[PDB]
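J.: Quick one: this structure, given as structure tokens, is what I'll be asking you about.
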Amino acid sequence: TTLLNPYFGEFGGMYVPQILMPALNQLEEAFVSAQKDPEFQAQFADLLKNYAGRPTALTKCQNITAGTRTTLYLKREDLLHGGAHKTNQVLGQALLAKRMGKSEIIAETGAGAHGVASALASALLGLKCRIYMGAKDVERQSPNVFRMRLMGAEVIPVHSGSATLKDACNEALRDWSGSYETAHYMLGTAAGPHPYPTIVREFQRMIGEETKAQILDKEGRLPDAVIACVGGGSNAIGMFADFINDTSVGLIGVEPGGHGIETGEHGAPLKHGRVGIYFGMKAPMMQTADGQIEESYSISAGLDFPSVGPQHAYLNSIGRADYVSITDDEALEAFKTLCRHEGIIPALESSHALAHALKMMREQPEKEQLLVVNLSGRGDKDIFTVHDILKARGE
Amino acid sequence: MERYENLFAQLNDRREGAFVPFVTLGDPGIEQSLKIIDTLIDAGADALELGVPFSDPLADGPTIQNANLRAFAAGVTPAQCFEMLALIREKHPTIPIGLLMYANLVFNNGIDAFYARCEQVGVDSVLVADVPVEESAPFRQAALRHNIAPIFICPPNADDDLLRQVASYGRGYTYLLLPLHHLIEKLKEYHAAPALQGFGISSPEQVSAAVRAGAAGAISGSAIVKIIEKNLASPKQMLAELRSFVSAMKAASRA
Ligand SMILES: Cc1ncc(COP(=O)(O)O)c(/C=N/[C@@H](CO)C(=O)O)c1O
Ligand SMILES: [Cl-]
Ligand SMILES: [Cl-]
Ligand SMILES: [Cl-]
Ligand SMILES: [Cl-]
Ligand SMILES: [Cs+]
Ligand SMILES: [Cs+]
């Protein structure tokens, strides 16, 4: 029994061991209560404004579209405190944890942005934070691990399975089952068991609400399309939510194509996987023929996840949103182009969204189109990675 | 078939608790796993609970995580597991065989087809670790259509509505993960499948304790796998230790 619908059509649900169901039910109730509570909303608004820096800019990118009939705006989540959109919903979830009387936080991270966001929020709001991270991730994300530790977080390497984000995901659920009376699990994307896909959307929806206000002010209309990268689904659903009922507005999600879809080395389960049940949800998965969960791949660590949130699978199925893929090389070009022509260093995750908008423009340069790309994060974290590639190419 | 119903009837006649060990199929290899399983039975296991190696076992602690790795290191697949199950049943006609599964391996090739294959090879029950009663309808339905008992966990944090649901939905046995008396009595009140205590059973005294509390027996969820882990280098000692352990645990159930 739940207060809200756990499904988006066939996708979603609560596929957890029985022991975890009270934890999910408690969280749902607290969320529903919080949503009707002006005092909660005011606290959340205060942190978003005065701590994180909202509203974020909407930047018109003139150089990159010169000589075409594309007008391109970037929603500047790269300017939020922490350097990515992840901060929005961690602040909301940390307040929910406090509302429920919890004193501890568990979080998973792959790339490290959500873990840093969880550690910063924990430091601010007086929660004791532990971060599970695949041992492979820990090894290759020394900078993010150090920030978490500076900010007072315990960082726990996970050696189980492939020692990566999924296993990190598992260990977090493993922990919470035992600890939920005292600890809140701060899931970092719009995926996992209900109520997380719904909570994460509602605590990211100011992205799209601001974008709409900003585009009406600047252009006097709605965008023709809004475009966002899809790792698990949070930044994209945050951009899409307020436009879902505006039927004229295209909703485009970009999955990582890795070395190419045909190589099988990618992270595009929504369009190239198969529905399965894992991480608490029924959703498109990359999986072997016999149902083992496959390892994804992307140049971008933040997109390297073999599943996707259920609301995206639903919006795809009914034709409301369209999903595409962008390869490592396309994303790298978009990265370089934005740096050189607009003076903004984008996260490699966000660079996938930008790359698809550039393709929309370049393929049809006399098509009139007003596009918004969600620039989910800044790419300071990526400069070493990009350096090593350009060098190995000899550029 | 009626393998659980027949076991409990025979056990009730003998004023006896059930002892049920868990092992991972194919740990540490197919040949040794088949021999391990034959040793549990010979030593006095009343039933078996058998895991299928899965890439992401989010309900398992490290003992069983490590069993899965060992099995995968040996190349073990769900298909090979079903081959093993057929062989085990062909050798042992009456012992109840339950699988502990993850949802994706059941859903993978279609839920109905999974339970049909369980029936073909002579499995008696399936516990799907990450399917709560709330999500269980297609699993329970397919199980019962194919003469398979759907097993549910009754957790420590169970409330009354849960007790009624588990009572109504489960068959074969109830997996026991409110005072311990309260749960057992209510489950009987609601005509639930006989309860097996599964919570940290690693000693003979725990087996006798479970039976005294009014449970029908006990499941050793990881103690057997620890014995495997410890004796990897000595196949011979492994079997010896397995025998000794299962003998002790079983003896504790008679008295
Ligand atoms: C700047 C940025 N853009 C997009 C994404 C992609 O994540 P969604 O699809 O928006 O949820 C990420 C992800 N990173 C995670 C992996 O969960 C992490 O930090 O651990 C990111 O850091
Ligand atoms: Cl449009
Ligand atoms: Cl369309
Ligand atoms: Cl037999
Ligand atoms: Cl279990
Ligand atoms: Cs232009
Ligand atoms: Cs993905």
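Every chain in the structure tokens takes a letter, A first, then B, and so on in the order presented; its residues are numbered from 1, and the ligands are numbered from 1 following the presented order.
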Check every protein, DNA and RNA residue against ligand 5, keep those with an atom at most 7 Å away (counting only C-alpha atoms and all ligand atoms), and present them as a VMD selection string.

T.: chain B and resid 59 to 60 129

J.: Neighbours of ligand 6 at 12 Å or closer, counting only C-alpha atoms and all ligand atoms: which residues, as a list in words?

T.: residues 60, 61, 62, 63, 64, 65, 66, 67, 68, 69, 70, 71, 72, 73, 358, 361, 362, 365, 366, 367, 368, 369, 370 and 371 of chain A

J.: Please report, as JSON lines, each residue of chain A lying at most 6 Å from ligand 2, together with the nearest pair of atoms and the separation in Å rounded to one decimal; use only C-alpha atoms and all ligand atoms, and order rows by chain and ascending residue number.

T.:
{"residue": "A:224", "atom": "CA", "partner": "ligand 2", "partner_atom_place_in_ligand_line": "1 (Cl)", "distance": 4.2}
{"residue": "A:225", "atom": "CA", "partner": "ligand 2", "partner_atom_place_in_ligand_line": "1 (Cl)", "distance": 5.6}
{"residue": "A:248", "atom": "CA", "partner": "ligand 2", "partner_atom_place_in_ligand_line": "1 (Cl)", "distance": 5.1}
{"residue": "A:249", "atom": "CA", "partner": "ligand 2", "partner_atom_place_in_ligand_line": "1 (Cl)", "distance": 4.9}
{"residue": "A:250", "atom": "CA", "partner": "ligand 2", "partner_atom_place_in_ligand_line": "1 (Cl)", "distance": 4.6}

J.: Within 9 Å of ligand 4, counting only C-alpha atoms and all ligand atoms: which residues, as a PDB file with N, CA, C and O atoms, in the first residue's frame?

T.:
ATOM      1  N   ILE B  41      22.944 -33.996   2.388  1.00  0.00           N
ATOM      2  CA  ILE B  41      21.808 -34.900   2.416  1.00  0.00           C
ATOM      3  C   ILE B  41      22.152 -36.129   3.255  1.00  0.00           C
ATOM      4  O   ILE B  41      21.378 -36.497   4.140  1.00  0.00           O
ATOM      5  N   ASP B  46      17.106 -31.977   6.006  1.00  0.00           N
ATOM      6  CA  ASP B  46      15.716 -32.343   5.746  1.00  0.00           C
ATOM      7  C   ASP B  46      15.250 -31.800   4.397  1.00  0.00           C
ATOM      8  O   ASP B  46      14.366 -32.377   3.760  1.00  0.00           O
ATOM      9  N   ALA B  47      15.802 -30.637   4.022  1.00  0.00           N
ATOM     10  CA  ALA B  47      15.502 -29.962   2.767  1.00  0.00           C
ATOM     11  C   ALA B  47      16.743 -29.179   2.341  1.00  0.00           C
ATOM     12  O   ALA B  47      17.697 -29.086   3.110  1.00  0.00           O
ATOM     13  N   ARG B  89      17.722 -33.977  -8.112  1.00  0.00           N
ATOM     14  CA  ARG B  89      16.388 -34.553  -7.936  1.00  0.00           C
ATOM     15  C   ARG B  89      16.357 -36.017  -8.369  1.00  0.00           C
ATOM     16  O   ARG B  89      15.695 -36.837  -7.725  1.00  0.00           O
ATOM     17  N   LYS B  91      18.602 -38.103  -8.083  1.00  0.00           N
ATOM     18  CA  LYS B  91      19.300 -38.920  -7.100  1.00  0.00           C
ATOM     19  C   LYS B  91      18.489 -39.023  -5.811  1.00  0.00           C
ATOM     20  O   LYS B  91      18.621 -39.988  -5.069  1.00  0.00           O
ATOM     21  N   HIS B  92      17.661 -38.015  -5.552  1.00  0.00           N
ATOM     22  CA  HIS B  92      17.075 -37.791  -4.245  1.00  0.00           C
ATOM     23  C   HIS B  92      15.611 -37.446  -4.463  1.00  0.00           C
ATOM     24  O   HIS B  92      15.265 -36.277  -4.623  1.00  0.00           O
ATOM     25  N   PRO B  93      14.709 -38.441  -4.537  1.00  0.00           N
ATOM     26  CA  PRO B  93      13.315 -38.173  -4.880  1.00  0.00           C
ATOM     27  C   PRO B  93      12.437 -37.390  -3.905  1.00  0.00           C
ATOM     28  O   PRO B  93      11.467 -36.784  -4.348  1.00  0.00           O
ATOM     29  N   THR B  94      12.747 -37.397  -2.600  1.00  0.00           N
ATOM     30  CA  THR B  94      11.773 -36.866  -1.644  1.00  0.00           C
ATOM     31  C   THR B  94      12.203 -35.555  -0.978  1.00  0.00           C
ATOM     32  O   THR B  94      11.344 -34.810  -0.502  1.00  0.00           O
ATOM     33  N   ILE B  95      13.514 -35.276  -0.925  1.00  0.00           N
ATOM     34  CA  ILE B  95      14.001 -34.088  -0.235  1.00  0.00           C
ATOM     35  C   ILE B  95      13.440 -32.831  -0.904  1.00  0.00           C
ATOM     36  O   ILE B  95      13.580 -32.664  -2.112  1.00  0.00           O
ATOM     37  N   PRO B  96      12.787 -31.905  -0.160  1.00  0.00           N
ATOM     38  CA  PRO B  96      12.364 -30.634  -0.745  1.00  0.00           C
ATOM     39  C   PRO B  96      13.562 -29.795  -1.194  1.00  0.00           C
ATOM     40  O   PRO B  96      14.580 -29.698  -0.505  1.00  0.00           O
TER      41      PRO B  96
END

J.: Quick one, how far is CA of residue 184 in chain B from CA of residue 19 in chain B?

T.: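 Those two atoms sit 17.4 Å apart.
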
J.: When the cut-off is 6 Å and you count only C-alpha atoms and all ligand atoms, which residues lie near ligand 7, shown as a ChimeraX atom specification?

T.: /A:230-232,255,267-268,303-308

J.: Residues of the last selection are to be written out with N, CA and C atoms, as a PDB file, in the first residue's frame.

T.:
ATOM      1  N   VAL A 230      21.544  11.651 -19.959  1.00  0.00           N
ATOM      2  CA  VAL A 230      20.807  10.699 -19.109  1.00  0.00           C
ATOM      3  C   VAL A 230      21.807   9.660 -18.610  1.00  0.00           C
ATOM      4  N   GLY A 231      22.172   9.749 -17.320  1.00  0.00           N
ATOM      5  CA  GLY A 231      23.000   8.742 -16.676  1.00  0.00           C
ATOM      6  C   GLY A 231      22.100   7.760 -15.943  1.00  0.00           C
ATOM      7  N   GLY A 232      21.401   8.266 -14.931  1.00  0.00           N
ATOM      8  CA  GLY A 232      20.291   7.617 -14.269  1.00  0.00           C
ATOM      9  C   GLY A 232      18.992   8.376 -14.522  1.00  0.00           C
ATOM     10  N   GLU A 255      21.698   9.425 -24.113  1.00  0.00           N
ATOM     11  CA  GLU A 255      22.455   8.390 -23.424  1.00  0.00           C
ATOM     12  C   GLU A 255      23.868   8.348 -23.988  1.00  0.00           C
ATOM     13  N   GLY A 267      26.507   2.968 -22.756  1.00  0.00           N
ATOM     14  CA  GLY A 267      25.630   3.026 -21.589  1.00  0.00           C
ATOM     15  C   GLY A 267      24.257   3.521 -21.995  1.00  0.00           C
ATOM     16  N   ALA A 268      23.670   2.854 -23.012  1.00  0.00           N
ATOM     17  CA  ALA A 268      22.416   3.322 -23.572  1.00  0.00           C
ATOM     18  C   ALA A 268      21.365   2.222 -23.431  1.00  0.00           C
ATOM     19  N   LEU A 303      27.960   9.039 -16.582  1.00  0.00           N
ATOM     20  CA  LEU A 303      26.936   8.419 -17.420  1.00  0.00           C
ATOM     21  C   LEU A 303      27.072   6.899 -17.474  1.00  0.00           C
ATOM     22  N   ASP A 304      28.058   6.364 -16.776  1.00  0.00           N
ATOM     23  CA  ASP A 304      28.460   4.974 -16.949  1.00  0.00           C
ATOM     24  C   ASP A 304      27.607   4.136 -15.999  1.00  0.00           C
ATOM     25  N   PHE A 305      26.356   3.899 -16.408  1.00  0.00           N
ATOM     26  CA  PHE A 305      25.437   3.144 -15.567  1.00  0.00           C
ATOM     27  C   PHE A 305      24.563   2.314 -16.499  1.00  0.00           C
ATOM     28  N   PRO A 306      24.394   0.996 -16.229  1.00  0.00           N
ATOM     29  CA  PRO A 306      23.695   0.126 -17.167  1.00  0.00           C
ATOM     30  C   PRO A 306      22.179   0.123 -17.001  1.00  0.00           C
ATOM     31  N   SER A 307      21.590   1.102 -16.289  1.00  0.00           N
ATOM     32  CA  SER A 307      20.129   1.230 -16.281  1.00  0.00           C
ATOM     33  C   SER A 307      19.698   2.691 -16.403  1.00  0.00           C
ATOM     34  N   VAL A 308      18.411   3.004 -16.155  1.00  0.00           N
ATOM     35  CA  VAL A 308      17.857   4.342 -16.362  1.00  0.00           C
ATOM     36  C   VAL A 308      16.577   4.464 -15.539  1.00  0.00           C
TER      37      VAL A 308
END

J.: What residues in chain A have any atom no more than 10 Å from chain B when counting only C-alpha atoms, and can you write them as a PyMOL selection string?

T.: chain A and resi 1-2+13-22+160-162+166-167+169-174+177+274-282+287-294

J.: Write the residues of the selection above to a file with C-alpha atoms, as a compact mmCIF listing (two decimals), in the first residue's frame.

T.:
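Generated file (out_34.txt):
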# COMPACT_ATOMS: atom_id res chain seq x y z
CA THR A 1 0.00 0.00 0.00
CA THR A 2 1.38 3.42 -0.94
CA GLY A 13 7.93 -0.33 -8.54
CA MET A 14 9.58 -1.32 -5.23
CA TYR A 15 11.69 -4.46 -5.92
CA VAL A 16 13.46 -4.59 -2.56
CA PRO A 17 13.70 -7.31 0.14
CA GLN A 18 10.68 -7.18 2.46
CA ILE A 19 12.94 -5.80 5.25
CA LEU A 20 13.38 -2.50 3.35
CA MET A 21 9.68 -1.82 2.65
CA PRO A 22 9.00 0.07 5.94
CA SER A 160 32.20 -6.57 -4.31
CA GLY A 161 31.19 -7.50 -7.88
CA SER A 162 32.86 -5.32 -10.52
CA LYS A 166 26.30 -0.70 -9.40
CA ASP A 167 28.05 -2.54 -6.55
CA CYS A 169 24.55 1.01 -5.36
CA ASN A 170 24.08 -2.46 -3.80
CA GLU A 171 26.24 -1.84 -0.71
CA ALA A 172 24.23 1.33 0.02
CA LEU A 173 20.95 -0.63 -0.01
CA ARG A 174 22.70 -3.36 2.01
CA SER A 177 18.31 -2.18 5.43
CA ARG A 274 16.11 -4.88 -22.39
CA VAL A 275 13.68 -4.47 -19.51
CA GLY A 276 14.84 -6.21 -16.32
CA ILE A 277 14.48 -5.94 -12.55
CA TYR A 278 17.43 -4.63 -10.55
CA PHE A 279 18.33 -1.89 -8.06
CA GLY A 280 14.76 -1.92 -6.79
CA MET A 281 13.07 -1.13 -10.13
CA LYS A 282 11.68 -2.58 -13.35
CA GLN A 287 22.23 -7.38 -19.42
CA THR A 288 23.64 -10.63 -20.78
CA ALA A 289 21.37 -13.03 -22.67
CA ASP A 290 20.87 -15.02 -19.44
CA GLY A 291 20.02 -12.00 -17.28
CA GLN A 292 23.28 -11.08 -15.57
CA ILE A 293 23.68 -7.29 -15.29
CA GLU A 294 26.18 -6.10 -17.91

J.: Got a sec to tell me which of range 16-231 of chain B DSSP assigns to strand (DSSP E or B), as a PyMOL selection string?

T.: chain B and resi 18-24+48-51+97-101+125-128+149-151+153-154+174-176+195-197+217-220

J.: With N, CA, C and O atoms retained, export the selected residues as a compact mmCIF listing (two decimals), in the first residue's frame.

T.:
# COMPACT_ATOMS: atom_id res chain seq x y z
N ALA B 18 12.74 -29.44 11.41
CA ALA B 18 13.47 -29.55 10.16
C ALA B 18 14.79 -28.80 10.31
O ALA B 18 14.84 -27.77 10.98
N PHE B 19 15.85 -29.35 9.70
CA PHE B 19 17.08 -28.59 9.50
C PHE B 19 17.37 -28.47 8.00
O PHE B 19 17.47 -29.47 7.30
N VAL B 20 17.52 -27.22 7.53
CA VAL B 20 17.61 -26.93 6.10
C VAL B 20 18.86 -26.08 5.84
O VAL B 20 18.91 -24.93 6.25
N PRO B 21 19.92 -26.62 5.20
CA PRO B 21 21.09 -25.80 4.86
C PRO B 21 20.97 -25.07 3.52
O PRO B 21 20.29 -25.55 2.63
N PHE B 22 21.66 -23.92 3.41
CA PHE B 22 21.79 -23.18 2.15
C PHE B 22 23.20 -23.36 1.61
O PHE B 22 24.17 -23.27 2.36
N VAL B 23 23.30 -23.57 0.29
CA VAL B 23 24.56 -23.54 -0.44
C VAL B 23 24.32 -22.87 -1.79
O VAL B 23 23.19 -22.79 -2.26
N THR B 24 25.39 -22.34 -2.39
CA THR B 24 25.37 -21.73 -3.72
C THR B 24 25.71 -22.81 -4.75
O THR B 24 26.77 -23.45 -4.64
N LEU B 48 16.72 -28.62 1.12
CA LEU B 48 17.83 -27.79 0.67
C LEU B 48 17.31 -26.41 0.27
O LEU B 48 16.18 -26.27 -0.17
N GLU B 49 18.16 -25.40 0.47
CA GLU B 49 17.94 -24.11 -0.17
C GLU B 49 19.18 -23.83 -1.02
O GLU B 49 20.30 -23.93 -0.53
N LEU B 50 18.96 -23.55 -2.32
CA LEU B 50 20.06 -23.49 -3.27
C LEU B 50 20.01 -22.15 -4.01
O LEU B 50 18.98 -21.77 -4.56
N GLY B 51 21.15 -21.44 -4.01
CA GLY B 51 21.25 -20.16 -4.69
C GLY B 51 21.77 -20.32 -6.11
O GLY B 51 22.57 -21.22 -6.41
N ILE B 97 13.44 -29.22 -2.39
CA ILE B 97 14.50 -28.37 -2.93
C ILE B 97 13.90 -27.00 -3.18
O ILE B 97 12.97 -26.84 -3.97
N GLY B 98 14.46 -25.99 -2.50
CA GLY B 98 14.01 -24.62 -2.69
C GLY B 98 15.14 -23.83 -3.33
O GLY B 98 16.30 -24.08 -3.03
N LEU B 99 14.79 -22.91 -4.23
CA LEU B 99 15.77 -21.98 -4.78
C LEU B 99 15.63 -20.63 -4.11
O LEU B 99 14.53 -20.20 -3.75
N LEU B 100 16.79 -20.01 -3.91
CA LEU B 100 16.84 -18.59 -3.57
C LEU B 100 17.31 -17.85 -4.82
O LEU B 100 18.44 -18.06 -5.26
N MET B 101 16.43 -17.02 -5.36
CA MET B 101 16.64 -16.35 -6.64
C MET B 101 16.60 -14.83 -6.45
O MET B 101 15.94 -14.31 -5.55
N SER B 125 10.20 -25.10 -4.32
CA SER B 125 9.88 -23.75 -3.89
C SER B 125 10.87 -22.76 -4.49
O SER B 125 12.00 -23.12 -4.86
N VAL B 126 10.42 -21.50 -4.55
CA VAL B 126 11.25 -20.38 -4.97
C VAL B 126 11.00 -19.20 -4.05
O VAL B 126 9.86 -18.78 -3.88
N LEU B 127 12.09 -18.69 -3.45
CA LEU B 127 12.12 -17.44 -2.72
C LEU B 127 12.82 -16.42 -3.63
O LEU B 127 13.98 -16.62 -4.04
N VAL B 128 12.11 -15.35 -3.98
CA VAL B 128 12.75 -14.30 -4.78
C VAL B 128 13.13 -13.17 -3.82
O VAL B 128 12.25 -12.50 -3.27
N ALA B 149 5.97 -23.77 -4.67
CA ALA B 149 5.61 -22.99 -3.50
C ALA B 149 6.34 -21.65 -3.57
O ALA B 149 7.56 -21.62 -3.67
N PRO B 150 5.61 -20.51 -3.55
CA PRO B 150 6.27 -19.22 -3.38
C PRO B 150 6.56 -18.98 -1.90
O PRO B 150 5.66 -19.04 -1.05
N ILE B 151 7.84 -18.74 -1.59
CA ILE B 151 8.30 -18.55 -0.21
C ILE B 151 8.45 -17.05 0.04
O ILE B 151 9.09 -16.34 -0.76
N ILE B 153 9.54 -13.97 3.03
CA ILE B 153 10.22 -13.64 4.26
C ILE B 153 9.29 -12.83 5.16
O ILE B 153 8.67 -11.85 4.73
N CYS B 154 9.21 -13.26 6.42
CA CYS B 154 8.54 -12.51 7.45
C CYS B 154 9.64 -11.84 8.28
O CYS B 154 10.34 -12.51 9.03
N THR B 174 7.20 -20.62 5.69
CA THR B 174 7.40 -19.19 5.87
C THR B 174 8.83 -18.99 6.33
O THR B 174 9.26 -19.62 7.29
N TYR B 175 9.57 -18.11 5.64
CA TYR B 175 10.94 -17.82 6.02
C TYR B 175 10.93 -16.75 7.10
O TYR B 175 10.67 -15.58 6.81
N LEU B 176 11.22 -17.13 8.36
CA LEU B 176 11.30 -16.17 9.46
C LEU B 176 12.68 -15.54 9.49
O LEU B 176 13.69 -16.23 9.66
N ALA B 195 6.57 -22.29 9.85
CA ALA B 195 7.67 -21.33 9.89
C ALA B 195 9.01 -22.02 10.10
O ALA B 195 9.15 -22.89 10.97
N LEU B 196 10.01 -21.58 9.33
CA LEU B 196 11.40 -21.95 9.54
C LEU B 196 12.16 -20.70 9.96
O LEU B 196 12.07 -19.68 9.29
N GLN B 197 12.89 -20.79 11.08
CA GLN B 197 13.72 -19.68 11.55
C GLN B 197 15.03 -19.67 10.75
O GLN B 197 15.73 -20.68 10.68
N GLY B 217 11.22 -25.62 12.36
CA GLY B 217 12.60 -26.00 12.08
C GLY B 217 13.46 -24.77 11.81
O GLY B 217 13.03 -23.65 12.10
N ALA B 218 14.66 -24.98 11.26
CA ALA B 218 15.60 -23.87 11.12
C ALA B 218 16.37 -23.98 9.81
O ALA B 218 16.65 -25.08 9.34
N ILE B 219 16.73 -22.81 9.25
CA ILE B 219 17.54 -22.71 8.03
C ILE B 219 18.88 -22.08 8.37
O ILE B 219 18.92 -21.02 8.98
N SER B 220 19.96 -22.72 7.93
CA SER B 220 21.30 -22.21 8.16
C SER B 220 21.71 -21.47 6.90
O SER B 220 22.11 -22.09 5.92

J.: At a cut-off of 9 Å and counting only C-alpha atoms and all ligand atoms, what residues surround ligand 1? Please answer as a PyMOL selection string.

T.: chain A and resi 77-78+83-86+108-117+133+165+187-191+200+228-238+255+300-305+308-309+346-350+375-379

J.: Kindly export the residues of the current selection with C-alpha atoms, as a compact mmCIF listing (two decimals), in the first residue's frame.

T.:
# COMPACT_ATOMS: atom_id res chain seq x y z
CA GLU A 77 23.64 24.11 -13.50
CA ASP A 78 27.46 24.19 -13.79
CA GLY A 83 29.57 22.41 -9.75
CA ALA A 84 26.64 20.16 -10.74
CA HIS A 85 22.84 19.91 -10.55
CA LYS A 86 23.28 17.10 -7.95
CA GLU A 108 26.53 6.02 -3.55
CA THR A 109 28.66 7.77 -6.13
CA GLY A 110 30.51 6.77 -9.26
CA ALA A 111 32.15 9.90 -10.63
CA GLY A 112 31.98 11.56 -7.24
CA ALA A 113 29.73 14.60 -7.83
CA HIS A 114 26.76 13.18 -5.94
CA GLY A 115 29.10 12.02 -3.12
CA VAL A 116 30.62 15.49 -2.81
CA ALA A 117 27.11 17.02 -2.91
CA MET A 133 32.10 4.08 -3.93
CA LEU A 165 28.80 2.16 -9.31
CA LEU A 187 20.12 8.02 -3.64
CA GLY A 188 21.76 10.22 -6.26
CA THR A 189 19.51 9.82 -9.33
CA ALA A 190 15.86 9.54 -10.50
CA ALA A 191 15.99 5.73 -10.32
CA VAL A 200 14.37 13.19 -7.07
CA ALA A 228 19.70 16.70 -21.39
CA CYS A 229 22.15 13.83 -20.80
CA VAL A 230 20.81 10.70 -19.11
CA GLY A 231 23.00 8.74 -16.68
CA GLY A 232 20.29 7.62 -14.27
CA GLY A 233 17.86 10.39 -15.17
CA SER A 234 17.95 13.20 -12.57
CA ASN A 235 19.14 16.26 -14.47
CA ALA A 236 17.00 15.36 -17.47
CA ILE A 237 13.82 14.78 -15.52
CA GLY A 238 14.50 17.99 -13.59
CA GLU A 255 22.46 8.39 -23.42
CA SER A 300 32.14 10.09 -18.83
CA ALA A 301 32.07 8.41 -15.41
CA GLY A 302 28.79 10.11 -14.51
CA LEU A 303 26.94 8.42 -17.42
CA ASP A 304 28.46 4.97 -16.95
CA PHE A 305 25.44 3.14 -15.57
CA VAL A 308 17.86 4.34 -16.36
CA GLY A 309 15.06 5.83 -14.25
CA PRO A 346 31.36 21.68 -19.55
CA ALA A 347 31.28 18.38 -17.72
CA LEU A 348 31.85 15.50 -20.15
CA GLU A 349 28.37 14.27 -19.08
CA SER A 350 26.72 17.53 -20.16
CA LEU A 375 24.47 22.08 -18.73
CA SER A 376 24.37 19.73 -15.79
CA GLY A 377 27.92 20.36 -14.50
CA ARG A 378 31.30 22.06 -14.99
CA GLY A 379 34.18 20.13 -16.51

J.: Within 12 Å of ligand 3, counting only C-alpha atoms and all ligand atoms, which protein or nucleic acid residues do you find, written as a list in words?

T.: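 Result of the 12 Å neighbour search around ligand 3: residues 224, 225, 226, 247, 248, 249, 250, 251, 252, 253, 315, 316, 317, 318, 319, 320, 321, 322, 323 and 324 of chain A.
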
J.: Show me, as JSON, numbers by chain, the residues that have an atom within 7 Å of residue 159 in chain A when counting only C-alpha atoms, minus same-chain residues fewer than 2 positions from it.

T.: {"A": [134, 135, 157, 161, 163]}

J.: Could you save the residues just selected, with C-alpha atoms, as a short mmCIF file (atom, residue, chain, number, x, y, z; two decimals), in the first residue's frame?

T.:
data_model
loop_
_atom_site.label_atom_id
_atom_site.label_comp_id
_atom_site.auth_asym_id
_atom_site.auth_seq_id
_atom_site.Cartn_x
_atom_site.Cartn_y
_atom_site.Cartn_z
CA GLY A 134 33.32 1.21 -6.10
CA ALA A 135 37.01 0.51 -5.45
CA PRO A 157 35.45 1.48 -1.04
CA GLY A 161 31.19 -7.50 -7.88
CA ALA A 163 33.84 -2.84 -7.79
#

J.: For residue 249 in chain B, work out the shell of residues within 8 Å, counting only C-alpha atoms and skipping chain neighbours fewer than 6 positions away, then give it as a PDB file with N, CA and C atoms, in the first residue's frame.

T.:
ATOM      1  N   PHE B  19      15.850 -29.352   9.700  1.00  0.00           N
ATOM      2  CA  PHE B  19      17.083 -28.594   9.495  1.00  0.00           C
ATOM      3  C   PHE B  19      17.366 -28.467   7.999  1.00  0.00           C
ATOM      4  N   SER B 203      24.537 -22.695  15.161  1.00  0.00           N
ATOM      5  CA  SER B 203      24.861 -23.583  16.269  1.00  0.00           C
ATOM      6  C   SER B 203      23.695 -24.524  16.577  1.00  0.00           C
ATOM      7  N   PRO B 204      23.980 -25.737  17.087  1.00  0.00           N
ATOM      8  CA  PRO B 204      22.905 -26.671  17.445  1.00  0.00           C
ATOM      9  C   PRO B 204      21.841 -26.063  18.364  1.00  0.00           C
ATOM     10  N   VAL B 207      19.005 -24.255  16.748  1.00  0.00           N
ATOM     11  CA  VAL B 207      18.066 -25.170  16.113  1.00  0.00           C
ATOM     12  C   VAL B 207      17.023 -25.612  17.149  1.00  0.00           C
TER      13      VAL B 207
END

J.: If you run DSSP on this backbone, which residues of range 306-344 of chain A come out as alpha helix (DSSP H), and could you give them as an MDAnalysis selection string?

T.: chainID A and resid 310:317 328:342

J.: Can you pull out the residues contacting residue 107 in chain A? Cut-off 6 Å, using only C-alpha atoms, and skip same-chain residues under 6 positions away; I want them as number ranges by chain.

T.: A: 131, 185-187

J.: Please provide as a list in words all residues within 7 Å of residue 6 in chain A, with the sequence filter that same-chain residues fewer than 4 positions apart are discarded (counting only C-alpha atoms).

T.: residues 12, 13, 194 and 195 of chain A

J.: Find the residues near residue 122 in chain A: any atom within 12 Å, counting only C-alpha atoms, skip ones fewer than 5 places away on the same chain, and give them as a ChimeraX atom specification.

T.: /A:87,90-95,97-98,102-107,114-117,127-131,148-149,151-154,183-184,186

J.: What is the distance between CA of residue 74 in chain A and CA of residue 311 in chain A, in Å to one decimal?

T.: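 Between these atoms lies a distance of 23.5 Å.
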
J.: Find the distance between CA of residue 271 in chain A and CA of residue 257 in chain A and write it in Å to one decimal.

T.: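 Taking CA of residue 271 in chain A as the start and CA of residue 257 in chain A as the end point, the length is 10.4 Å.
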